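What follows is a single structure, written as structure tokens, with notes after it.
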Amino acid sequence: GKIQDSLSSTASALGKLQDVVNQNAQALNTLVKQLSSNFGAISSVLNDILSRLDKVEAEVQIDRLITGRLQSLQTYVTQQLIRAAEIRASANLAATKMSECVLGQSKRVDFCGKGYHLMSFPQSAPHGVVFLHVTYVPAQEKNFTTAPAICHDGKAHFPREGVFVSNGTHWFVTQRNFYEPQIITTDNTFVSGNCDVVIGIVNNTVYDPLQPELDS
Amino acid sequence: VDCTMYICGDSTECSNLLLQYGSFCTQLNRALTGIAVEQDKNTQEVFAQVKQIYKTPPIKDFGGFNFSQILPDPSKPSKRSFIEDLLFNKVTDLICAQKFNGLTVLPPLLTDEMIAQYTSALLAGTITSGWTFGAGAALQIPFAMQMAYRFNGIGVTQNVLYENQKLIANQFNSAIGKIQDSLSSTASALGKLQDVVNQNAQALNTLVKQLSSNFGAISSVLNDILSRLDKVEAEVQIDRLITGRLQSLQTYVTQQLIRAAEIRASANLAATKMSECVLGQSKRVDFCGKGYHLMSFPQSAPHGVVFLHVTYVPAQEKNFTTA
Amino acid sequence: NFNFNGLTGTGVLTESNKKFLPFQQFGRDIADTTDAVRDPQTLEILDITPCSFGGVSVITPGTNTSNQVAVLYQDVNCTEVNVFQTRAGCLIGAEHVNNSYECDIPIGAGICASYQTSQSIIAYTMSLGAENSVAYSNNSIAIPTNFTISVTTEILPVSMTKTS
Amino acid sequence: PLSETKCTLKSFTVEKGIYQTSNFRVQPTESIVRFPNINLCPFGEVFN
Ligand SMILES: *[C@@H]1O[C@H](CO)[C@@H](O[C@@H]2O[C@H](CO)[C@@H](O)[C@H](O)[C@H]2NC(C)=O)[C@H](O)[C@H]1NC(C)=O
Ligand SMILES: *[C@@H]1O[C@H](CO)[C@@H](O[C@@H]2O[C@H](CO)[C@@H](O)[C@H](O)[C@H]2NC(C)=O)[C@H](O)[C@H]1NC(C)=O
Ligand SMILES: *[C@@H]1O[C@H](CO)[C@@H](O[C@@H]2O[C@H](CO)[C@@H](O)[C@H](O)[C@H]2NC(C)=O)[C@H](O)[C@H]1NC(C)=O
Ligand SMILES: *[C@@H]1O[C@H](CO)[C@@H](O)[C@H](O)[C@H]1NC(C)=O
Ligand SMILES: *[C@@H]1O[C@H](CO)[C@@H](O)[C@H](O)[C@H]1NC(C)=O
Ligand SMILES: *[C@@H]1O[C@H](CO)[C@@H](O)[C@H](O)[C@H]1NC(C)=O
Ligand SMILES: *[C@@H]1O[C@H](CO)[C@@H](O)[C@H](O)[C@H]1NC(C)=O
Ligand SMILES: *[C@@H]1O[C@H](CO)[C@@H](O)[C@H](O)[C@H]1NC(C)=O
Ligand SMILES: *[C@@H]1O[C@H](CO)[C@@H](O)[C@H](O)[C@H]1NC(C)=O
């Protein structure tokens, strides 16, 4: 709903498109005005040079018309080629986003826009395309004491995915991009090395799923 | 460039003739402004992707990694990391000569000191906050617990770093050191930048020297044609100057357009790296430079940017029978 | 607008420390353009220089807001013209502000102008970003408890109007 | 210096942002003709 309010009053967000349409009609205009310029010849009307003079003179003048206009094309043309490539690269980027963002999920960061990317919805626009990027942005944070490792018996325990945290007493392992604390058991943690090497390992007890299951 | 002046110096006589070519004079400014505008858009896209300016904490404990090399130097008047000074010395009259004839060098919107604040921010958040500052509010995370992730990114289980940390510290630091001499002892590393700056100053020289060419006219001084000859005839002469010079601008302008379109492509490559490589961790093989990529450190350089890619390259092999 | 021994030119003649060889006449520069000259009647080494030149630039809020404008003379010293001297040139009609806000109308070299305060166009050193300092300690981590899902429009050209 | 912007913009509504309009060329105050120190025609040698 916010998108439609933005567009309702936003002329600028389409500036990229509106500029492209402009710049063409601009050079198109200027291309036309160049038909009114003398270019040094006695007039910018083709015939009015003729009927004024006997043609063996007009052959001279019409040069300065042709030499002028022919140039003004090659200016305009060479523009378009350059401008075409500018769109060309933009079109390649659109194909890349259309391919990767919409048809996939882009692991690339900030290629589909700020935040982790979920999906995109393309929308046509005159001489262009408009993606609606649906991105996952985290919000509320809480300062946590953390440790890279946890001793148990002298073995070291590291999280499979996520990190050991605590709110100051009970050590919890949680996934990284969302706060979802879970008690620390072997299914959370794998064993490597021992307690000497790690810098920052703390003293704790990693609960065991299996041990209670025995006791009967 | 001032089209009316560059073509016709201080002469209404020539200036009136220029009106008969119409919008050439104006459309050149419209052309160059399009360049000049997006240049500060390039520098905008690349460097400032970050909402806030982060700054490093007062005290540096990263687990042994020494960033005093790459972090802003608190004792310089313009705060720029020790490395960046090596760069600004390598890269480099043309100061007013061009500015005689209407060739002007406009100041880049962002002063170098500002560029060094961005590349401080991006580098301040990268160190403290991991990659999350590109996705939202920065999240302080222990740097040594950052590098446990960036190994999981490349498939090396984090238990390698928690055990090898001290070693990895030295390899990092000793790697940073050689970056100094890599820059310090050789001036060809910056050629890419150096080539850009030269080619710009190149064409300007050429564009200026075109003022001194006859182009078929009796002389290259616009007034001499007016001084020696009665106007009736001098009109035709000044054409060959104007036609020559006015063309000679379109040559220069077209070059800039083409050349800018290259930079425009290179700028996106940076903005792509800056976003993916610096702000995130790249899974694209050899996009961030040879090896598995861990993190990247942006560093500013004149009209350019320099990345320090910290990459993970395996070393010693042991033949194993496998199944 | 000077003529020296038949050499004509228009510039700002100043004293200069560059030292000719005695027989010489014109100093020059990389562009072959006349740079230094020697006063014949009493030998002295005079520099030369361009006039102020630069472009005029009209900084304005939208004509929808105000009809007031602040003129920027680019790359000049403020003589030959409420005035303020900048890095980018001589600015006129915008009150300097020691405060620093977001860059709004980009001017040059960090100077960015905005309309708000009665009101007058101002000019100030652009603050790049708002400032933050992450609170960082080797055991300190901040894990988000909640999220948003934002939809950010992104817009790209694809094709342009075909012509022949 | 404001009305020139409207002509450059070609729109009675000039939207926000900076516009290059014109150029100023400082004109020179006066001319220096500096021929060297000291000929003279021998009218003291002809007339006297
Ligand atoms: C940290 O979080 C743990 C997990 O909830 C808290 O432990 C619980 O605290 C509540 C307090 O209302 C008790 O009712 C539960 O019995 C506790 N459970 C366990 C397993 O300890 C702990 O109090 C929290 N500490 C802080 C400082 O926030
Ligand atoms: C965790 O527990 C271990 C013992 O299992 C502690 O190691 C000893 O700590 C005492 C002080 O309480 C020292 O006097 C001993 O010298 C330590 N061990 C040895 C062999 O020197 C450890 O300090 C506790 N804290 C940790 C490591 O998190
Ligand atoms: C990071 O490295 C810099 C130099 O690369 C260290 O600065 C040096 O500190 C020693 C102190 O033992 C001095 O003798 C040197 O003169 C310093 N050199 C420079 C260039 O400043 C700095 O101490 C290191 N810091 C950390 C945390 O590793
Ligand atoms: C975390 O601690 C810092 C210390 O300055 C504080 O500014 C911040 O607000 C704390 N986090 C939260 C969510 O309050
Ligand atoms: C973390 O830093 C503090 C300094 O504030 C220090 O006392 C402590 O030993 C450090 N711990 C580790 C694991 O580096
Ligand atoms: C593995 O065997 C091949 C056999 O040619 C040899 O080239 C290679 O060096 C061996 N690897 C090591 C680590 O020695
Ligand atoms: C622009 O001006 C028109 C009147 O010409 C007015 O109706 C409109 O509200 C104004 N919009 C803004 C954004 O100032
Ligand atoms: C302007 O001129 C004054 C003295 O006339 C001088 O102190 C100052 O540096 C000059 N500034 C520029 C930018 O030329
Ligand atoms: C900014 O403060 C200085 C004193 O530090 C003062 O001289 C100057 O006039 C102030 N600027 C403005 C625009 O008031």
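Identifiers in this document derive from the order of the structure tokens: chains are assigned A, B, ..., residues are numbered from 1 separately in each chain, and ligands are numbered from 1 in order of occurrence.
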Using only C-alpha atoms, which chain C residues lie at most 6 Å away from chain D, written as a ChimeraX atom specification?
/C:1-5,40-41,51-53,55-63,105
Give me the chain C side of the contact with ligand 4, cut-off 12 Å, one line per residue showing its nearest atom pair and distance in Å at one decimal, counting only C-alpha atoms and all ligand atoms, sorted by chain and residue number, as JSON lines.
```
{"residue": "C:132", "atom": "CA", "partner": "ligand 4", "partner_atom_place_in_ligand_line": "7 (O)", "distance": 10.1}
{"residue": "C:133", "atom": "CA", "partner": "ligand 4", "partner_atom_place_in_ligand_line": "5 (O)", "distance": 8.7}
{"residue": "C:134", "atom": "CA", "partner": "ligand 4", "partner_atom_place_in_ligand_line": "5 (O)", "distance": 7.9}
{"residue": "C:135", "atom": "CA", "partner": "ligand 4", "partner_atom_place_in_ligand_line": "4 (C)", "distance": 5.3}
{"residue": "C:136", "atom": "CA", "partner": "ligand 4", "partner_atom_place_in_ligand_line": "4 (C)", "distance": 8.3}
{"residue": "C:137", "atom": "CA", "partner": "ligand 4", "partner_atom_place_in_ligand_line": "4 (C)", "distance": 10.1}
{"residue": "C:140", "atom": "CA", "partner": "ligand 4", "partner_atom_place_in_ligand_line": "1 (C)", "distance": 8.7}
{"residue": "C:141", "atom": "CA", "partner": "ligand 4", "partner_atom_place_in_ligand_line": "1 (C)", "distance": 9.1}
{"residue": "C:142", "atom": "CA", "partner": "ligand 4", "partner_atom_place_in_ligand_line": "11 (N)", "distance": 7.7}
{"residue": "C:143", "atom": "CA", "partner": "ligand 4", "partner_atom_place_in_ligand_line": "13 (C)", "distance": 9.5}
{"residue": "C:144", "atom": "CA", "partner": "ligand 4", "partner_atom_place_in_ligand_line": "13 (C)", "distance": 9.2}
{"residue": "C:145", "atom": "CA", "partner": "ligand 4", "partner_atom_place_in_ligand_line": "13 (C)", "distance": 9.9}
{"residue": "C:146", "atom": "CA", "partner": "ligand 4", "partner_atom_place_in_ligand_line": "13 (C)", "distance": 11.8}
```
Quick one, how far is atom CA of residue 223 of chain B from atom CA of residue 33 of chain C?
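For atom CA of residue 223 of chain B relative to atom CA of residue 33 of chain C, the distance reads 15.6 Å.
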At a cut-off of 7 Å around ligand 6, and using only C-alpha atoms and all ligand atoms, what residues come up? Please write them as JSON, numbers by chain.
{"B": [317, 318, 319]}
DSSP-assigned strand (DSSP E) among segment 59-115 of chain C, expressed as a JSON list (two decimals) with N, CA, C and O atoms, in the first residue's frame:
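File produced: selection_39.json:
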```json
[["chain", "number", "residue", "atom", "x", "y", "z"],
["C", 59, "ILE", "N", 21.39, 28.85, -7.84],
["C", 59, "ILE", "CA", 20.90, 27.89, -6.87],
["C", 59, "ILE", "C", 19.51, 28.33, -6.47],
["C", 59, "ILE", "O", 19.33, 29.42, -5.94],
["C", 60, "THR", "N", 18.52, 27.48, -6.72],
["C", 60, "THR", "CA", 17.19, 27.85, -6.33],
["C", 60, "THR", "C", 16.44, 26.68, -5.71],
["C", 60, "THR", "O", 16.56, 25.54, -6.17],
["C", 70, "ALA", "N", 19.97, 32.11, -4.95],
["C", 70, "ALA", "CA", 21.33, 32.42, -4.54],
["C", 70, "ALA", "C", 22.26, 32.10, -5.70],
["C", 70, "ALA", "O", 22.30, 30.96, -6.17],
["C", 71, "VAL", "N", 22.99, 33.10, -6.16],
["C", 71, "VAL", "CA", 23.87, 32.98, -7.31],
["C", 71, "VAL", "C", 25.22, 32.48, -6.83],
["C", 71, "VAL", "O", 25.79, 33.02, -5.88],
["C", 72, "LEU", "N", 25.74, 31.46, -7.50],
["C", 72, "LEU", "CA", 27.10, 31.00, -7.30],
["C", 72, "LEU", "C", 27.95, 31.40, -8.49],
["C", 72, "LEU", "O", 27.71, 30.92, -9.61],
["C", 73, "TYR", "N", 28.92, 32.26, -8.27],
["C", 73, "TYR", "CA", 29.98, 32.48, -9.24],
["C", 73, "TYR", "C", 31.04, 31.42, -9.01],
["C", 73, "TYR", "O", 31.59, 31.33, -7.92],
["C", 74, "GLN", "N", 31.31, 30.62, -10.03],
["C", 74, "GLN", "CA", 32.19, 29.47, -9.87],
["C", 74, "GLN", "C", 33.64, 29.86, -10.07],
["C", 74, "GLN", "O", 33.98, 30.60, -11.01],
["C", 83, "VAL", "N", 27.48, 38.27, 0.90],
["C", 83, "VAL", "CA", 28.45, 37.51, 0.13],
["C", 83, "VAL", "C", 29.19, 36.54, 1.04],
["C", 83, "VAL", "O", 29.38, 36.80, 2.23],
["C", 84, "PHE", "N", 29.59, 35.42, 0.46],
["C", 84, "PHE", "CA", 30.34, 34.39, 1.16],
["C", 84, "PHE", "C", 31.31, 33.78, 0.16],
["C", 84, "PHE", "O", 30.99, 33.63, -1.02],
["C", 85, "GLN", "N", 32.51, 33.46, 0.64],
["C", 85, "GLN", "CA", 33.52, 32.81, -0.19],
["C", 85, "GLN", "C", 33.52, 31.32, 0.11],
["C", 85, "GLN", "O", 33.46, 30.91, 1.27],
["C", 89, "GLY", "N", 33.68, 28.71, -5.32],
["C", 89, "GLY", "CA", 33.64, 30.02, -5.94],
["C", 89, "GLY", "C", 32.93, 31.01, -5.04],
["C", 89, "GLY", "O", 32.76, 30.78, -3.85],
["C", 90, "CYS", "N", 32.53, 32.12, -5.65],
["C", 90, "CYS", "CA", 31.93, 33.23, -4.93],
["C", 90, "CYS", "C", 30.43, 33.04, -4.93],
["C", 90, "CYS", "O", 29.79, 33.08, -5.98],
["C", 91, "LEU", "N", 29.87, 32.84, -3.74],
["C", 91, "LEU", "CA", 28.45, 32.62, -3.58],
["C", 91, "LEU", "C", 27.80, 33.90, -3.09],
["C", 91, "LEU", "O", 28.39, 34.64, -2.29],
["C", 92, "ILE", "N", 26.59, 34.17, -3.56],
["C", 92, "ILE", "CA", 25.90, 35.42, -3.27],
["C", 92, "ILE", "C", 24.45, 35.11, -2.94],
["C", 92, "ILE", "O", 23.78, 34.38, -3.66],
["C", 95, "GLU", "N", 22.96, 32.78, 3.16],
["C", 95, "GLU", "CA", 23.62, 33.00, 4.43],
["C", 95, "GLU", "C", 24.34, 31.72, 4.84],
["C", 95, "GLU", "O", 23.72, 30.66, 4.94],
["C", 96, "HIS", "N", 25.64, 31.83, 5.08],
["C", 96, "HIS", "CA", 26.42, 30.72, 5.58],
["C", 96, "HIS", "C", 25.82, 30.19, 6.88],
["C", 96, "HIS", "O", 25.19, 30.93, 7.63],
["C", 105, "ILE", "N", 20.81, 20.48, -2.14],
["C", 105, "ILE", "CA", 21.14, 20.93, -3.48],
["C", 105, "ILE", "C", 22.66, 20.91, -3.61],
["C", 105, "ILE", "O", 23.34, 21.79, -3.06],
["C", 106, "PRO", "N", 23.23, 19.96, -4.34],
["C", 106, "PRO", "CA", 24.69, 19.86, -4.39],
["C", 106, "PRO", "C", 25.29, 21.03, -5.16],
["C", 106, "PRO", "O", 24.80, 21.39, -6.23],
["C", 107, "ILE", "N", 26.35, 21.60, -4.61],
["C", 107, "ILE", "CA", 26.98, 22.76, -5.23],
["C", 107, "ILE", "C", 28.37, 22.39, -5.69],
["C", 107, "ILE", "O", 28.62, 22.18, -6.88],
["C", 108, "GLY", "N", 29.30, 22.30, -4.75],
["C", 108, "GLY", "CA", 30.62, 21.80, -5.04],
["C", 108, "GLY", "C", 31.40, 21.66, -3.76],
["C", 108, "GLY", "O", 31.13, 22.33, -2.76],
["C", 111, "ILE", "N", 29.91, 21.83, -0.29],
["C", 111, "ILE", "CA", 28.92, 22.87, -0.03],
["C", 111, "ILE", "C", 27.59, 22.42, -0.60],
["C", 111, "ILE", "O", 27.48, 22.09, -1.79],
["C", 112, "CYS", "N", 26.56, 22.39, 0.24],
["C", 112, "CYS", "CA", 25.23, 21.99, -0.20],
["C", 112, "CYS", "C", 24.21, 22.94, 0.39],
["C", 112, "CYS", "O", 24.24, 23.24, 1.58],
["C", 113, "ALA", "N", 23.30, 23.42, -0.46],
["C", 113, "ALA", "CA", 22.36, 24.46, -0.10],
["C", 113, "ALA", "C", 20.96, 23.90, 0.07],
["C", 113, "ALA", "O", 20.57, 22.93, -0.59],
["C", 114, "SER", "N", 20.20, 24.51, 0.98],
["C", 114, "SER", "CA", 18.80, 24.17, 1.17],
["C", 114, "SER", "C", 18.05, 25.44, 1.52],
["C", 114, "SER", "O", 18.64, 26.45, 1.90]]
```
Using only C-alpha atoms and all ligand atoms, which residues have at least one atom no more than 8 Å from ligand 8? Output them as an mmCIF file with N, CA, C and O atoms, in the first residue's frame.
```cif
data_model
loop_
_atom_site.group_PDB
_atom_site.id
_atom_site.type_symbol
_atom_site.label_atom_id
_atom_site.label_comp_id
_atom_site.auth_asym_id
_atom_site.auth_seq_id
_atom_site.Cartn_x
_atom_site.Cartn_y
_atom_site.Cartn_z
ATOM 1 N N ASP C 75 34.497 29.372 -9.185
ATOM 2 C CA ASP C 75 35.943 29.452 -9.361
ATOM 3 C C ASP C 75 36.404 30.894 -9.567
ATOM 4 O O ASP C 75 37.077 31.221 -10.544
ATOM 5 N N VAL C 76 36.017 31.771 -8.646
ATOM 6 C CA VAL C 76 36.486 33.148 -8.657
ATOM 7 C C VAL C 76 36.775 33.569 -7.231
ATOM 8 O O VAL C 76 36.437 32.869 -6.272
ATOM 9 N N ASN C 77 37.439 34.707 -7.106
ATOM 10 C CA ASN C 77 37.636 35.339 -5.818
ATOM 11 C C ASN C 77 36.627 36.460 -5.717
ATOM 12 O O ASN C 77 36.319 37.112 -6.719
ATOM 13 N N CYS C 78 36.112 36.717 -4.517
ATOM 14 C CA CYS C 78 35.022 37.681 -4.444
ATOM 15 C C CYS C 78 35.668 39.051 -4.367
ATOM 16 O O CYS C 78 35.992 39.549 -3.286
ATOM 17 N N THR C 79 35.819 39.664 -5.532
ATOM 18 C CA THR C 79 36.104 41.076 -5.715
ATOM 19 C C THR C 79 35.315 41.568 -6.917
ATOM 20 O O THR C 79 34.412 42.398 -6.792
ATOM 21 N N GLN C 85 32.510 33.458 0.635
ATOM 22 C CA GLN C 85 33.518 32.807 -0.187
ATOM 23 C C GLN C 85 33.524 31.318 0.111
ATOM 24 O O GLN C 85 33.459 30.907 1.271
ATOM 25 N N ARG C 87 34.772 27.100 -1.353
ATOM 26 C CA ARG C 87 35.770 26.376 -2.122
ATOM 27 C C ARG C 87 35.456 26.411 -3.608
ATOM 28 O O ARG C 87 36.373 26.443 -4.430
ATOM 29 N N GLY C 89 33.685 28.713 -5.317
ATOM 30 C CA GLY C 89 33.636 30.016 -5.935
ATOM 31 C C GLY C 89 32.932 31.011 -5.041
ATOM 32 O O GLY C 89 32.758 30.783 -3.850
#
```
Residues of chain A that have any atom at most 7 Å from an atom of ligand 2: could you tabulate them with the shortest-distance atom pair and the distance in Å to one decimal, using only C-alpha atoms and all ligand atoms, ordered by chain and increasing number, as CSV?
```
residue,atom,partner,partner_atom_place_in_ligand_line,distance
A:201,CA,ligand 2,28 (O),6.1
A:202,CA,ligand 2,28 (O),4.1
A:203,CA,ligand 2,28 (O),4.5
```
Any residue with an atom at most 10 Å from ligand 9 counts, using only C-alpha atoms and all ligand atoms. Which are they? Put them as JSON, numbers by chain.
{"C": [84, 94, 95, 96, 97, 98, 99, 122, 123, 124]}
All residues 12 Å or closer to residue 157 of chain B, only C-alpha atoms, same chain fewer than 6 positions away omitted, as an MDAnalysis selection string:
(chainID A and resid 158:161 190:192) or (chainID B and resid 147:151 163:164)
Export of the given selection (N, CA, C and O atoms) as a PDB file, in the first residue's frame:
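Result written to out.pdb:
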```pdb
ATOM      1  N   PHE A 158      31.209 -26.052  19.550  1.00  0.00           N
ATOM      2  CA  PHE A 158      30.922 -24.939  18.676  1.00  0.00           C
ATOM      3  C   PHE A 158      29.542 -25.123  18.073  1.00  0.00           C
ATOM      4  O   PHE A 158      29.100 -26.253  17.865  1.00  0.00           O
ATOM      5  N   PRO A 159      28.845 -24.041  17.769  1.00  0.00           N
ATOM      6  CA  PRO A 159      27.509 -24.176  17.192  1.00  0.00           C
ATOM      7  C   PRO A 159      27.603 -24.682  15.769  1.00  0.00           C
ATOM      8  O   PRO A 159      28.506 -24.301  15.021  1.00  0.00           O
ATOM      9  N   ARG A 160      26.665 -25.548  15.382  1.00  0.00           N
ATOM     10  CA  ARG A 160      26.570 -25.887  13.967  1.00  0.00           C
ATOM     11  C   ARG A 160      26.198 -24.664  13.151  1.00  0.00           C
ATOM     12  O   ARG A 160      26.896 -24.298  12.202  1.00  0.00           O
ATOM     13  N   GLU A 161      25.108 -24.003  13.518  1.00  0.00           N
ATOM     14  CA  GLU A 161      24.706 -22.771  12.862  1.00  0.00           C
ATOM     15  C   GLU A 161      24.234 -21.809  13.928  1.00  0.00           C
ATOM     16  O   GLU A 161      23.456 -22.185  14.806  1.00  0.00           O
ATOM     17  N   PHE A 190      28.904 -29.125  17.792  1.00  0.00           N
ATOM     18  CA  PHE A 190      29.845 -30.176  17.458  1.00  0.00           C
ATOM     19  C   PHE A 190      31.143 -29.964  18.217  1.00  0.00           C
ATOM     20  O   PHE A 190      31.495 -28.843  18.586  1.00  0.00           O
ATOM     21  N   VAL A 191      31.858 -31.056  18.439  1.00  0.00           N
ATOM     22  CA  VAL A 191      33.054 -31.065  19.267  1.00  0.00           C
ATOM     23  C   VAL A 191      34.278 -30.927  18.382  1.00  0.00           C
ATOM     24  O   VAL A 191      34.385 -31.602  17.351  1.00  0.00           O
ATOM     25  N   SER A 192      35.205 -30.062  18.776  1.00  0.00           N
ATOM     26  CA  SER A 192      36.480 -29.944  18.085  1.00  0.00           C
ATOM     27  C   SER A 192      37.537 -29.466  19.066  1.00  0.00           C
ATOM     28  O   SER A 192      37.255 -28.625  19.922  1.00  0.00           O
TER      29      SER A 192
ATOM     30  N   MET B 147      34.779 -13.590  11.791  1.00  0.00           N
ATOM     31  CA  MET B 147      35.555 -14.462  10.925  1.00  0.00           C
ATOM     32  C   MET B 147      35.178 -15.924  11.052  1.00  0.00           C
ATOM     33  O   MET B 147      35.553 -16.714  10.181  1.00  0.00           O
ATOM     34  N   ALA B 148      34.466 -16.321  12.097  1.00  0.00           N
ATOM     35  CA  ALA B 148      33.960 -17.679  12.105  1.00  0.00           C
ATOM     36  C   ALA B 148      32.884 -17.849  11.054  1.00  0.00           C
ATOM     37  O   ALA B 148      32.765 -18.916  10.450  1.00  0.00           O
ATOM     38  N   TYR B 149      32.087 -16.808  10.819  1.00  0.00           N
ATOM     39  CA  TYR B 149      31.092 -16.912   9.763  1.00  0.00           C
ATOM     40  C   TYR B 149      31.759 -16.921   8.406  1.00  0.00           C
ATOM     41  O   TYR B 149      31.509 -17.808   7.586  1.00  0.00           O
ATOM     42  N   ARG B 150      32.621 -15.942   8.151  1.00  0.00           N
ATOM     43  CA  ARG B 150      33.222 -15.819   6.837  1.00  0.00           C
ATOM     44  C   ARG B 150      34.018 -17.056   6.445  1.00  0.00           C
ATOM     45  O   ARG B 150      34.315 -17.228   5.263  1.00  0.00           O
ATOM     46  N   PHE B 151      34.373 -17.918   7.398  1.00  0.00           N
ATOM     47  CA  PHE B 151      34.850 -19.242   7.019  1.00  0.00           C
ATOM     48  C   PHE B 151      33.703 -20.166   6.638  1.00  0.00           C
ATOM     49  O   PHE B 151      33.785 -20.884   5.639  1.00  0.00           O
ATOM     50  N   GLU B 163      40.855 -22.184  16.537  1.00  0.00           N
ATOM     51  CA  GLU B 163      42.073 -22.893  16.876  1.00  0.00           C
ATOM     52  C   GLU B 163      43.295 -22.228  16.264  1.00  0.00           C
ATOM     53  O   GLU B 163      44.366 -22.206  16.876  1.00  0.00           O
ATOM     54  N   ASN B 164      43.166 -21.694  15.059  1.00  0.00           N
ATOM     55  CA  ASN B 164      44.283 -21.086  14.354  1.00  0.00           C
ATOM     56  C   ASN B 164      44.340 -19.576  14.502  1.00  0.00           C
ATOM     57  O   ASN B 164      45.117 -18.932  13.795  1.00  0.00           O
TER      58      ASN B 164
END
```
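All chain B residues having an atom within 12 Å of chain D, based on only C-alpha atoms, amount to residues 1, 2, 3, 4, 5, 9, 10, 26, 27, 29, 30, 33, 37, 100, 101, 102 and 104 of chain B.
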Which of A:35, A:11, A:17, A:60 sits closest to residue 73 of chain A [using only C-alpha atoms]
A:35
Could you give me, as a Markdown table, a per-residue list for chain B showing, wherever an atom lies at most 7 Å from an atom of chain A, the closest pair of atoms and their distance in Å to one decimal, using only C-alpha atoms and sorting by chain then residue number from low to high?
```
| residue | atom | partner | partner_atom | distance |
| --- | --- | --- | --- | --- |
| B:20 | CA | A:39 | CA | 5.1 |
| B:21 | CA | A:39 | CA | 4.9 |
| B:22 | CA | A:37 | CA | 5.7 |
| B:23 | CA | A:30 | CA | 6.9 |
| B:134 | CA | A:114 | CA | 6.7 |
| B:135 | CA | A:115 | CA | 3.9 |
| B:136 | CA | A:137 | CA | 6.2 |
| B:145 | CA | A:148 | CA | 6.1 |
| B:159 | CA | A:192 | CA | 6.5 |
| B:162 | CA | A:198 | CA | 5.0 |
| B:163 | CA | A:197 | CA | 5.5 |
| B:258 | CA | A:82 | CA | 6.8 |
| B:275 | CA | A:110 | CA | 5.9 |
| B:276 | CA | A:109 | CA | 4.9 |
| B:280 | CA | A:109 | CA | 5.8 |
```
Could you jot down the atom CA of residue 36 of chain C to atom CA of residue 8 of chain B separation for me, Å, one decimal place?
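Answer for the atom CA of residue 36 of chain C to atom CA of residue 8 of chain B separation: 23.8 Å.
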